[PDB]
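First the structure, in the form of C-alpha cells, and then the observations on it.
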Amino acid sequence: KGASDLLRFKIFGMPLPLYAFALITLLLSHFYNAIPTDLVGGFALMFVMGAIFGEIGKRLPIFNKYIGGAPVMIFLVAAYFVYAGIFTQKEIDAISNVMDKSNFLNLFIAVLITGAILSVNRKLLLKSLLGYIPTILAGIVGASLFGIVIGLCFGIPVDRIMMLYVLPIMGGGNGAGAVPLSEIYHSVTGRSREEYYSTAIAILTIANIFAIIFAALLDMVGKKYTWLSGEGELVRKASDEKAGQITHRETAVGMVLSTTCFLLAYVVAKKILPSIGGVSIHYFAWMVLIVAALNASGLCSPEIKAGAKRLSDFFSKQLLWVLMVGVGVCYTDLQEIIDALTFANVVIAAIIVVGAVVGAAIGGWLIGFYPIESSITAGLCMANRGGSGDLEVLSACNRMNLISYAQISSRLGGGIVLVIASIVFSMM
Amino acid sequence: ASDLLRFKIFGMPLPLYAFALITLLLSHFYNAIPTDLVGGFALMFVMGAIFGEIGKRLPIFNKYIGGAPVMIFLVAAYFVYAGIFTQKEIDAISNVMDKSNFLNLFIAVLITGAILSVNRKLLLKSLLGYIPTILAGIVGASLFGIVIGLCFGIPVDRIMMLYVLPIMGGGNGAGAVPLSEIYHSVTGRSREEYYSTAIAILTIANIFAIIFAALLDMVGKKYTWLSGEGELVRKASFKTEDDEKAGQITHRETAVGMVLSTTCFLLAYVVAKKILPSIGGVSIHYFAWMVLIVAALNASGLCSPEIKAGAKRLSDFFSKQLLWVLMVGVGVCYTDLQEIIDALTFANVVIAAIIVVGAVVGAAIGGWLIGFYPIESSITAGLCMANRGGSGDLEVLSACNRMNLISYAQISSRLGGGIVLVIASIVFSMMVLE
Ligand SMILES: CCCCCCCCO[C@@H]1O[C@H](CO)[C@@H](O)[C@H](O)[C@H]1O
Ligand SMILES: CCCCCCCCO[C@@H]1O[C@H](CO)[C@@H](O)[C@H](O)[C@H]1O
Ligand SMILES: CCCCCCCCO[C@@H]1O[C@H](CO)[C@@H](O)[C@H](O)[C@H]1O
Ligand SMILES: CCCCCCCCCCC
Ligand SMILES: [Cl-]
Ligand SMILES: [Cl-]
Ligand code: NA
Ligand code: NA
Ligand code: NA
Ligand code: NA
C-alpha cells in the first residue's frame, strides 16, 4: 500500500513526487475553476507557483546573478500570468484577498521591522537614524541632477523632469507617493488627477524594475569589490545577550509585538500625530520609531527579541516566494508599463535611479556607512515603489535585514519628497 | 513586589503586556483599527491573552469547564452582547475569521498536522483492530443516545447532530468548530445554534469521561479478567516507543507542512465542489474529504519523516499559540450565550452521561471481540473519544493511571476525531434528505 518513497531532488523542501502531488492539485483547481478566495486558496497557489519559479530563478545561469534571481523570476512570471490571462479571475481574487484585503503585505513588513529592530543593540538605534537622514537627501539630490542632465538632452524642461519624473520615482511609491503627488498637482495646477497619476504610476513602475535589476548588480559589485560591501551590514562594526531557551511562545510574542506595534503606529498616525512640522508621518514610519522605543525601553527580554527574529526569519525565508507571487500580481501591471515604455522614458527613469545610487553612495560614504548598502537603502529603496518595491529590491540583493532602513526611505523619505513636491509644484 | 512584574501574560512579562494592553485601549477609544490581519490579530492576541490567563487560574473553570479557550469565547461573546466591542473591532475579528478565512486555514493545519504526525505503520495497523474498536464505541454511544433521547422526547436527528457527534468529536476547535461548518453547509442553519449547544454537551460529557475513567479503574481491580491492568493487547509485552527516524528539523520542513495543509485542503475543496460533489444523494464536506486525503497521503509514504514532523510542529504552533486568537473569533462568530445556558439542563447532563456510557459499552464489546482488554479498550477507544480532544486524553488517562496508552488516545483524538467529521457529513446529509 505504498505509491512511492521520497525521491532525492527537492523543490522548496519537497521531493519531486511530493511536489508533483501539490502541482497536480493546483492544476485540478485551475481546470475545474475551483479555488477559495481565502488565505488557504491564495497560499496554496502562491506556495506551489512560488516553489517552481523560485528553483528555476535560482538555477538560471545568467539570471540568478545579475537579475535578482529566484524572487525576481517569480515576481515577473506572476506579473506575466496576469498580463497574458493564464490566471483565472478567482485565482487573481484569491491572491488579492491575501495581499490587499487581508493585507499580508503589511503583516509581512511589520513582522520584519519588528524582528530587525528588536535584534539590534539599544545604543546603536538613534545614531543610525541621524546618519541615515542626510544619506537619503544625497540620494535625492543625486537623483534630481542626473534626471535634469538627462532631461535637457531629450529636450525636456526642468519642470516636467522634476514634476513627472524625479519626484514620483523618488517618492514613497504608489499609495503614499503618486497618489498624494496627484493631489498637490491637481490642488495647484487645477488639472485632472488622472493625467498625473497615470503618468506617475507608469514612470515609477519602470524605475522600480531598474531598481530591482541594479540591486542584483550592486550585490555582484560588492562581491567583486569586497571593500565596498558590508556583506549585509550598513553600519561600521555593528551587531542583555543571554540567548535563553526559545519556545514557540516567544515566537508567538514576536507576532503579538509585530501586530501590536503596528496598531499603535496606526492609531498615532491616523488620530494623534498625522504630521510633524510640514512633513507627514506614514504609519510604517511611526512603527519604526515605536519598535525602537520598545527596544530602548528594556521591556522586551532577549528571549522575546530572539522570538521576533525567529518569526522574521520564518517569513523572509519561507513566505518570501509566496509574497513575490502576490506582489507580481497586485503591484506591477505590465500593461501600464508598456503603454509608457517609450525608450525616452526608459532612459530618463533608469538614469535617475543611477543618480540616486551615486548620490546615496557618496552620502553614506561621507557619513561612514558602507557604499554598497548606502546606495541600496537610501538610493534604490527610495527610487523603488514603497514597501512592495522594498521587498523586491532587498530580496534581489539578498539584504532583507535592511528592511527597516528601506522603510525609513519609503515612508520618511517619501514624505520629504512630498514637501519638495509641494514647493516645485507651486513656484513654476 | 518585583515578584509580581515577573508574572507572564501569554509569554509577555506584566509590564510588556501593559504596553500591548494600553495600545488596544488607545485603538478602542480613538476608534482606530485596520480591519485586516494586522489589526485583527493584535486585538485577538491581546484580548485572548488576558482572558486565557484568567481562564487557566479559575479552579472550577480549568478542571471542569475547559479553562482558557472556553473563558475566551464566552467573554468575546459577552463583549458583543453588551456592546463593549466597537463595530470596527467586530469587523476586524470577522474579517480574519471568515473573510480572510483564518478558520479554514486553522482547521486545515490541525487536520494535516494531526494525521501526518501518525506513524505510517501504526496508521495501517489501526485499520485492522483499533479503528473498528473506535467505530463500535460510536455505534454504542449512538444507540444509547437515541434511546435516552427518545425517553426525553428528543428526536433522532437532533440527538445525532447536537449530542452524540460533538461528544465523540475531537474536542472544541478540532470538533465542535468544524462540525458547525459542516452542519451549516448541509443544513443551511446558523453555525451559532449548532456550536453553542454542542460545546455545552461536550463539556458535560468530558467530565463524565473523567469520572468513568476512575470508576473503570476501580472496576478493573475488582474484576481482574476485564483489566490486564495497564495494557491493551496481550502479545507486545513492552511499552515505550517504536519510531520513524526523525532527524533534521528546520523552518523549511514546517513551511512544507504549511504547503501540505493548504494544498490538501485545496484538493478536498475541488473534489467536494467539481469532481465528486455528491456520492449518492450524500454530499461530503471538504473537511471530511481532507481527512481521507491527508490519511491517504500518509499511507502513500510520499512524505519524509522530517516533513511529517514539520506538519506536527506547525500544528503545535497553531494549537498552542494561535488557539486563543481563534477563540476570540469563535466567541464573535459561533457563540450564542442564550443557547449555551439553555443547554445547561439536568436533562442534558443525563443524556450526556449515558451517551458516554454507551461509548464504554460499545468499545468494550468490540474490543473484547478483536483481542483487546475490555477495560482499557473502553478507556482508549471509548472515553478518549468522548472526551475533549488531546487535553481530555491527559485528564482521562490521569484518572485511570494509564498514561502509557497515550499513543492510542492520540489515535482516537486525531484519526477517530477526523473520522467523526466524515461520519458527520454523511449523517448530516442523510438527515436533510426526505
Ligand atoms: C492534470 C489536470 C487534469 C485536468 C482534468 C480536468 C479538466 C477540466 O474538466 C472540465 O473542465 C471544464 C472547463 O474547461 C468544466 O466545464 C468541466 O466541468 C470539467 O469537468
Ligand atoms: C530609529 C531607529 C532606526 C533603526 C535602524 C534600523 C535598525 C534595525 O535594522 C538592523 O540594523 C542593524 C544595524 O544597523 C543591522 O545589523 C541589522 O541587520 C538590521 O536588521
Ligand atoms: C425593554 C425593551 C426590550 C429589552 C431591551 C434590553 C435588551 C438588551 O439590550 C441591551 O443589552 C446590553 C447588555 O446588557 C446593554 O447595552 C443594555 O444594558 C441592554 O439594554
Ligand atoms: C498567517 C500567519 C502565518 C503563520 C506563520 C506561522 C509561523 C510559525 C513558525 C514556526 C517555527
Ligand atoms: Cl480606522
Ligand atoms: Cl462603534
Ligand atoms: Na519611490
Ligand atoms: Na521604497
Ligand atoms: Na470527543
Ligand atoms: Na480524545
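Note: hydrogens, waters and symmetry copies are ignored here, and every other heavy atom, side chains too, is used. Counting convention: from 1, in listed order, for ligands and their atoms alike. Throughout, a chain's letter reflects where its sequence line sits, starting with A, and its residues are numbered from 1.
The protein heavy-atom contact nearest to atom 9 (O) of ligand 1 is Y32(A) CE2, 3.9 Å. The protein heavy atom nearest to atom 20 (O) of ligand 2 is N401(A) O, 2.8 Å. Protein heavy atom at the shortest distance from atom 3 (C) of ligand 2 is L125(A) O, 4.0 Å. For atom 16 (O) of ligand 2, the closest non-hydrogen atom of the protein is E233(A) OE1, 2.5 Å. Of the protein's non-hydrogen atoms, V120(A) CG2, 3.7 Å is the one closest to atom 12 (C) of ligand 2.
The ligand atoms of ligand 2 that sit less than 4.0 angstrom from a heavy atom of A238(A) are 16 (O).
Neither the backbone nor the side chain of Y132(A) comes within contact range of ligand 2; no heavy atom lies under 4.0 Å.
Taking every heavy atom of both residues into account, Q321(B) and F10(B) meet most closely at O-CZ, 3.2 Å.
Residues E91(A) and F81(A) form no side-chain contact, since every pair of their non-hydrogen atoms from C-beta on lies 4.5 Å or further apart.
Contact residues for ligand 4 (protein heavy atom closer than 4.0 angstrom to any ligand atom): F314(A), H251(B), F317(B).
Ring geometry, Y286(B) versus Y269(B): the interplanar angle falls from 30° to 60°, so the pair is classed tilted.
Each of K308(B), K312(B), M290(B) was scored for a side-chain contact (heavy atoms from CB on, under 4.5 Å) with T112(B), with one residue passing: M290(B).
Residue-to-ligand polar distances place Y405(A) within reach of ligand 2: an N/O pair is separated by less than 3.5 Å.
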